[PDB]
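Chemist: For reference, the file model_13.txt (compact mmCIF, N, CA, C and O atoms) is included below:
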```
# COMPACT_ATOMS: atom_id res chain seq x y z
N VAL A 1 0.84 -1.19 0.00
CA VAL A 1 0.00 0.00 0.00
C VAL A 1 0.88 1.25 0.00
O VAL A 1 1.83 1.34 0.77
N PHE A 2 0.54 2.20 -0.87
CA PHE A 2 1.27 3.46 -0.93
C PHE A 2 0.46 4.56 -0.27
O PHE A 2 -0.74 4.72 -0.54
N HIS A 3 1.11 5.33 0.59
CA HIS A 3 0.47 6.39 1.36
C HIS A 3 1.16 7.71 1.08
O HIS A 3 2.39 7.79 1.05
N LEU A 4 0.36 8.76 0.88
CA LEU A 4 0.87 10.10 0.66
C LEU A 4 0.94 10.84 1.99
O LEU A 4 0.00 10.79 2.79
N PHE A 5 2.06 11.52 2.22
CA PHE A 5 2.28 12.29 3.44
C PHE A 5 2.67 13.72 3.08
O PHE A 5 3.28 13.96 2.04
N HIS A 6 2.32 14.65 3.96
CA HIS A 6 2.80 16.02 3.89
C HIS A 6 3.52 16.37 5.19
O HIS A 6 3.13 15.92 6.27
N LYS A 7 4.57 17.18 5.07
CA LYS A 7 5.36 17.52 6.25
C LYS A 7 4.54 18.30 7.27
O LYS A 7 4.68 18.09 8.48
N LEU A 8 3.67 19.20 6.80
CA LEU A 8 2.81 19.94 7.72
C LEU A 8 1.89 18.99 8.47
O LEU A 8 1.70 19.12 9.68
N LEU A 9 1.30 18.03 7.76
CA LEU A 9 0.50 16.98 8.39
C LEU A 9 1.39 15.78 8.72
O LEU A 9 1.27 14.69 8.16
N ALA A 10 2.31 16.01 9.65
CA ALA A 10 3.34 15.03 9.96
C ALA A 10 2.74 13.73 10.48
O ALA A 10 1.81 13.75 11.30
N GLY A 11 3.26 12.61 10.00
CA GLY A 11 2.87 11.31 10.49
C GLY A 11 1.39 11.03 10.38
O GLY A 11 0.77 10.55 11.33
N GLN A 12 0.81 11.32 9.22
CA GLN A 12 -0.61 11.09 9.01
C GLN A 12 -0.89 10.77 7.55
O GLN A 12 -0.85 11.67 6.70
N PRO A 13 -1.18 9.52 7.20
CA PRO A 13 -1.53 9.20 5.81
C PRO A 13 -2.73 10.01 5.36
O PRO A 13 -3.70 10.19 6.10
N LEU A 14 -2.67 10.49 4.12
CA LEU A 14 -3.77 11.28 3.58
C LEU A 14 -4.81 10.35 2.96
O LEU A 14 -4.44 9.41 2.24
N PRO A 15 -6.10 10.56 3.21
CA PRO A 15 -7.12 9.74 2.54
C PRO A 15 -7.00 9.83 1.03
O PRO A 15 -6.71 10.90 0.47
N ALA A 16 -7.23 8.70 0.36
CA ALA A 16 -6.98 8.61 -1.07
C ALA A 16 -8.02 9.36 -1.90
O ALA A 16 -7.82 9.54 -3.10
N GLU A 17 -9.12 9.79 -1.29
CA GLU A 17 -10.19 10.48 -2.00
C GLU A 17 -10.30 11.95 -1.60
O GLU A 17 -11.32 12.60 -1.85
N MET A 18 -9.25 12.49 -0.98
CA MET A 18 -9.33 13.86 -0.46
C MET A 18 -9.52 14.88 -1.58
O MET A 18 -10.30 15.82 -1.42
N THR A 19 -8.82 14.71 -2.70
CA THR A 19 -8.79 15.71 -3.76
C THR A 19 -7.88 16.87 -3.36
O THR A 19 -7.75 17.18 -2.17
N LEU A 20 -7.24 17.50 -4.34
CA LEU A 20 -6.19 18.47 -4.04
C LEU A 20 -6.75 19.76 -3.46
O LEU A 20 -6.03 20.46 -2.74
N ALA A 21 -8.00 20.10 -3.76
CA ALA A 21 -8.59 21.30 -3.17
C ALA A 21 -8.69 21.17 -1.65
O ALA A 21 -8.36 22.10 -0.91
N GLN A 22 -9.14 20.01 -1.18
CA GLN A 22 -9.23 19.78 0.26
C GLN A 22 -7.85 19.77 0.90
O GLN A 22 -7.67 20.32 2.00
N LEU A 23 -6.87 19.17 0.23
CA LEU A 23 -5.51 19.17 0.76
C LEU A 23 -4.96 20.59 0.84
O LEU A 23 -4.27 20.94 1.80
N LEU A 24 -5.26 21.42 -0.16
CA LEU A 24 -4.86 22.82 -0.10
C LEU A 24 -5.54 23.53 1.06
O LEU A 24 -4.92 24.37 1.73
N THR A 25 -6.81 23.23 1.30
CA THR A 25 -7.49 23.79 2.46
C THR A 25 -6.75 23.43 3.75
O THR A 25 -6.47 24.30 4.58
N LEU A 26 -6.41 22.15 3.91
CA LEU A 26 -5.67 21.74 5.11
C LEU A 26 -4.35 22.48 5.21
O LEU A 26 -4.01 23.03 6.27
N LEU A 27 -3.57 22.51 4.13
CA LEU A 27 -2.23 23.08 4.19
C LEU A 27 -2.28 24.58 4.46
O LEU A 27 -1.43 25.11 5.19
N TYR A 28 -3.25 25.29 3.88
CA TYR A 28 -3.41 26.71 4.18
C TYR A 28 -3.85 26.91 5.62
O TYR A 28 -3.42 27.87 6.28
N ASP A 29 -4.72 26.03 6.13
CA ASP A 29 -5.05 26.07 7.54
C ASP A 29 -3.85 25.74 8.41
O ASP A 29 -3.79 26.15 9.57
N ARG A 30 -2.88 25.00 7.86
CA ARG A 30 -1.65 24.65 8.56
C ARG A 30 -0.51 25.60 8.24
O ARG A 30 0.66 25.24 8.43
N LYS A 31 -0.82 26.80 7.74
CA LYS A 31 0.15 27.88 7.57
C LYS A 31 1.09 27.65 6.39
O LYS A 31 2.16 28.26 6.32
N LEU A 32 0.72 26.80 5.45
CA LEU A 32 1.46 26.73 4.20
C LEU A 32 1.29 28.06 3.47
O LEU A 32 0.16 28.50 3.27
N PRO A 33 2.37 28.73 3.07
CA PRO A 33 2.22 30.05 2.45
C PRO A 33 1.25 30.00 1.28
O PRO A 33 1.28 29.08 0.46
N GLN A 34 0.37 30.99 1.21
CA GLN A 34 -0.64 31.01 0.16
C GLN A 34 0.02 31.23 -1.19
O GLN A 34 0.92 32.07 -1.34
N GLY A 35 -0.43 30.47 -2.18
CA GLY A 35 0.20 30.49 -3.49
C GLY A 35 1.51 29.75 -3.57
O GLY A 35 2.26 29.96 -4.53
N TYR A 36 1.81 28.89 -2.60
CA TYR A 36 3.07 28.16 -2.63
C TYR A 36 3.14 27.32 -3.90
O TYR A 36 2.14 26.74 -4.34
N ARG A 37 4.33 27.26 -4.49
CA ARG A 37 4.46 26.79 -5.87
C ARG A 37 3.88 25.40 -6.06
O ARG A 37 3.26 25.13 -7.10
N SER A 38 4.05 24.50 -5.10
CA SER A 38 3.63 23.12 -5.32
C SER A 38 3.27 22.46 -4.00
O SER A 38 3.69 22.89 -2.93
N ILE A 39 2.47 21.40 -4.11
CA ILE A 39 2.16 20.52 -2.99
C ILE A 39 3.21 19.43 -2.94
O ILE A 39 3.23 18.54 -3.80
N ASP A 40 4.09 19.48 -1.94
CA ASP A 40 5.20 18.55 -1.81
C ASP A 40 4.75 17.38 -0.94
O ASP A 40 4.67 17.50 0.29
N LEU A 41 4.47 16.24 -1.57
CA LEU A 41 4.08 15.03 -0.87
C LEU A 41 5.19 13.99 -0.93
O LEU A 41 6.06 14.02 -1.80
N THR A 42 5.14 13.07 0.03
CA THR A 42 6.06 11.94 0.11
C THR A 42 5.27 10.66 -0.04
O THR A 42 4.25 10.47 0.63
N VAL A 43 5.73 9.78 -0.93
CA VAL A 43 5.04 8.51 -1.21
C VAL A 43 5.77 7.44 -0.42
O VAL A 43 6.84 6.97 -0.81
N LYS A 44 5.20 7.04 0.71
CA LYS A 44 5.80 6.03 1.57
C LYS A 44 4.96 4.76 1.59
O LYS A 44 3.89 4.69 0.98
N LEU A 45 5.46 3.75 2.28
CA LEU A 45 4.73 2.50 2.43
C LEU A 45 5.21 1.74 3.66
O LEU A 45 4.41 1.27 4.47
N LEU A 46 -10.43 13.48 7.33
CA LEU A 46 -10.25 14.80 6.73
C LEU A 46 -11.05 14.93 5.44
O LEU A 46 -11.03 15.97 4.79
N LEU A 47 -11.75 13.85 5.06
CA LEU A 47 -12.52 13.87 3.83
C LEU A 47 -13.62 14.93 3.84
O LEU A 47 -14.02 15.40 2.78
N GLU A 48 -14.11 15.30 5.03
CA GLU A 48 -15.14 16.34 5.14
C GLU A 48 -14.62 17.72 4.79
O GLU A 48 -15.42 18.65 4.65
N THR A 49 -13.30 17.89 4.65
CA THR A 49 -12.73 19.21 4.42
C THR A 49 -13.33 19.85 3.18
O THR A 49 -13.50 19.20 2.14
N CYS A 50 -13.64 21.14 3.29
CA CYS A 50 -14.19 21.86 2.15
C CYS A 50 -13.10 22.13 1.12
O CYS A 50 -11.96 22.45 1.49
N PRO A 51 -13.40 22.00 -0.17
CA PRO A 51 -12.41 22.36 -1.19
C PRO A 51 -12.10 23.85 -1.14
O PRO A 51 -12.95 24.68 -0.80
N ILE A 52 -10.86 24.19 -1.50
CA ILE A 52 -10.47 25.59 -1.54
C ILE A 52 -11.35 26.34 -2.53
O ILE A 52 -11.78 25.79 -3.55
N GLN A 53 -11.65 27.60 -2.22
CA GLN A 53 -12.52 28.39 -3.08
C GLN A 53 -11.85 28.63 -4.42
O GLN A 53 -10.71 29.11 -4.50
N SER A 54 -12.57 28.31 -5.49
CA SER A 54 -12.07 28.55 -6.84
C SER A 54 -12.18 30.04 -7.17
O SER A 54 -12.93 30.78 -6.54
N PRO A 55 -11.41 30.51 -8.16
CA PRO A 55 -11.55 31.91 -8.57
C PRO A 55 -12.98 32.27 -8.96
O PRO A 55 -13.44 33.38 -8.64
N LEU A 56 -13.69 31.36 -9.64
CA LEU A 56 -15.08 31.62 -9.98
C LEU A 56 -15.93 31.77 -8.72
O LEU A 56 -16.84 32.61 -8.68
N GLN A 57 -15.67 30.95 -7.70
CA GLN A 57 -16.47 31.03 -6.48
C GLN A 57 -16.27 32.36 -5.78
O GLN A 57 -17.23 32.96 -5.29
N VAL A 58 -15.03 32.86 -5.72
CA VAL A 58 -14.80 34.18 -5.15
C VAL A 58 -15.49 35.25 -5.99
O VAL A 58 -16.16 36.15 -5.46
N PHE A 59 -15.34 35.16 -7.32
CA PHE A 59 -15.96 36.15 -8.20
C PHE A 59 -17.47 36.20 -7.99
O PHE A 59 -18.07 37.29 -7.99
N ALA A 60 -18.10 35.04 -7.80
CA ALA A 60 -19.54 35.01 -7.59
C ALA A 60 -19.91 35.48 -6.19
O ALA A 60 -20.89 36.21 -6.01
N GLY A 61 -19.13 35.08 -5.18
CA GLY A 61 -19.36 35.55 -3.83
C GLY A 61 -19.24 37.05 -3.68
O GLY A 61 -19.80 37.60 -2.72
N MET A 62 -18.54 37.71 -4.59
CA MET A 62 -18.55 39.17 -4.65
C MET A 62 -19.60 39.69 -5.62
O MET A 62 -19.60 40.89 -5.92
N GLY A 63 -20.49 38.83 -6.11
CA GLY A 63 -21.57 39.27 -6.96
C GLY A 63 -21.20 39.47 -8.41
O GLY A 63 -21.97 40.09 -9.16
N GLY A 64 -20.05 38.97 -8.84
CA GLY A 64 -19.61 39.20 -10.21
C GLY A 64 -20.51 38.53 -11.24
O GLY A 64 -20.71 39.05 -12.34
N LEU A 65 -21.05 37.35 -10.91
CA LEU A 65 -21.82 36.61 -11.90
C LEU A 65 -23.11 37.33 -12.25
O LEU A 65 -23.56 37.26 -13.40
N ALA A 66 -23.72 38.02 -11.29
CA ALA A 66 -24.86 38.87 -11.62
C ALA A 66 -24.46 39.96 -12.61
O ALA A 66 -25.22 40.28 -13.53
N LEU A 67 -23.27 40.53 -12.43
CA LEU A 67 -22.77 41.52 -13.38
C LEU A 67 -22.61 40.90 -14.77
O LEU A 67 -22.92 41.54 -15.78
N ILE A 68 -22.11 39.67 -14.83
CA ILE A 68 -21.98 38.99 -16.12
C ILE A 68 -23.35 38.83 -16.77
O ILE A 68 -23.53 39.12 -17.95
N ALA A 69 -24.34 38.37 -15.99
CA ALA A 69 -25.65 38.08 -16.56
C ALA A 69 -26.29 39.34 -17.13
O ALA A 69 -27.07 39.26 -18.09
N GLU A 70 -25.98 40.50 -16.56
CA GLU A 70 -26.50 41.76 -17.08
C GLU A 70 -25.86 42.15 -18.41
O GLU A 70 -26.31 43.11 -19.03
N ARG A 71 -24.82 41.44 -18.84
CA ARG A 71 -24.15 41.70 -20.10
C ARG A 71 -24.24 40.54 -21.07
O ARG A 71 -23.77 40.66 -22.21
N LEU A 72 -24.82 39.41 -20.67
CA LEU A 72 -24.90 38.23 -21.52
C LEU A 72 -25.64 38.54 -22.82
O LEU A 72 -25.93 37.64 -23.60
```
Would you mind giving the structure from this file in structure tokens?
Modeler:
Amino acid sequence: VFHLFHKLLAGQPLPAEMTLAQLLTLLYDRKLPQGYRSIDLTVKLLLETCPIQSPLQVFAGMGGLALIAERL
């Protein structure tokens, strides 16, 4: 069995169905610098976490999509 680990989440195998958005949520909650170039995992041998907000989600949460619809 292969398990993915992150240094911030020390000594904790990551669930195989987490998806990278949820992992980014964890790492940002764990003080990983925002916009860090890459997710550095270790292949050795939390699913409820919300996915990180997409740019579209932020744009809509600021009401941008209503602005788009007024120009469609």
Chemist: Report, in Å with one decimal, the straight-line distance from atom O of residue 44 (chain A) to atom N of residue 6 (chain A).
Modeler: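 These atoms are spaced 10.5 Å apart.
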Chemist: Per DSSP on the backbone, filter chain A down to the residues in strand (DSSP E or B) and report them as a PyMOL selection string.
Modeler: chain A and resi 3-6+41-44
Chemist: Please indicate the distance in Å from CA of residue 25 (chain A) to CA of residue 40 (chain A), rounded to one decimal place.
Modeler: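 Rounded to one decimal, the two atoms are 14.4 Å apart.
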Chemist: Could you please determine the separation between CA of residue 58 (chain A) and CA of residue 5 (chain A) in Å, to one decimal place?
Modeler: 29.1 Å
Chemist: Taking the DSSP assignment computed from this structure's backbone, write out as JSON, numbers by chain all residues of chain A that belong to helix (DSSP H, G or I).
Modeler: {"A": [20, 21, 22, 23, 24, 25, 26, 27, 28, 29, 55, 56, 57, 58, 59, 60, 61, 64, 65, 66, 67, 68, 69]}
Chemist: Considering all atoms listed in the file, return as an NGL selection string whatever protein or nucleic-acid residues lie within 4.5 Å of residue 22 (chain A), sequence-local ones (same chain, fewer than 4 positions apart) excluded.
Modeler: :A and (18 or 26 or 50-51)
Chemist: When you look at residue 43 (chain A) with a cut-off of 7 Å (counting only N, CA, C and O atoms), what residues show up, excluding the ones that are within fewer than 5 positions of it in the same chain? I need them as a PyMOL selection string.
Modeler: chain A and resi 2-5
Chemist: Find, counting all atoms listed in the file, the residue in A:72, A:59, A:52, A:46 that gets nearest to residue 20 (chain A).
Modeler: A:52
Chemist: For region 28-31 of chain A, find every residue with an atom within 10 Å (counting only C-alpha atoms), except residues of its own chain fewer than 4 positions away, and show them as number ranges by chain.
Modeler: A: 8-9, 22-24, 35-36, 52
Chemist: Using only N, CA, C and O atoms, please write the residues we just selected to a file, as a short mmCIF file (atom, residue, chain, number, x, y, z; two decimals), keeping the file's coordinate frame.
Modeler:
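Written out: again_25.cif:
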```
data_model
loop_
_atom_site.label_atom_id
_atom_site.label_comp_id
_atom_site.auth_asym_id
_atom_site.auth_seq_id
_atom_site.Cartn_x
_atom_site.Cartn_y
_atom_site.Cartn_z
N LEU A 8 3.67 19.20 6.80
CA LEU A 8 2.81 19.94 7.72
C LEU A 8 1.89 18.99 8.47
O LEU A 8 1.70 19.12 9.68
N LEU A 9 1.30 18.03 7.76
CA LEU A 9 0.50 16.98 8.39
C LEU A 9 1.39 15.78 8.72
O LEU A 9 1.27 14.69 8.16
N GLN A 22 -9.14 20.01 -1.18
CA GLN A 22 -9.23 19.78 0.26
C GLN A 22 -7.85 19.77 0.90
O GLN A 22 -7.67 20.32 2.00
N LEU A 23 -6.87 19.17 0.23
CA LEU A 23 -5.51 19.17 0.76
C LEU A 23 -4.96 20.59 0.84
O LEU A 23 -4.27 20.94 1.80
N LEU A 24 -5.26 21.42 -0.16
CA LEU A 24 -4.86 22.82 -0.10
C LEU A 24 -5.54 23.53 1.06
O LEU A 24 -4.92 24.37 1.73
N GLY A 35 -0.43 30.47 -2.18
CA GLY A 35 0.20 30.49 -3.49
C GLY A 35 1.51 29.75 -3.57
O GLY A 35 2.26 29.96 -4.53
N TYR A 36 1.81 28.89 -2.60
CA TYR A 36 3.07 28.16 -2.63
C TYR A 36 3.14 27.32 -3.90
O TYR A 36 2.14 26.74 -4.34
N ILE A 52 -10.86 24.19 -1.50
CA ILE A 52 -10.47 25.59 -1.54
C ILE A 52 -11.35 26.34 -2.53
O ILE A 52 -11.78 25.79 -3.55
#
```
Chemist: Using the file's own x, y and z axes, what box holds all listed atoms of region 12-25 of chain A with 6 Å on each side, keeping edges along x, y and z, and what are its centre and edge lengths in Å to one decimal, as JSON?
Modeler:
```
{"center_x": -5.3, "center_y": 16.5, "center_z": 2.4, "size_x": 24.1, "size_y": 27.8, "size_z": 25.6}
```
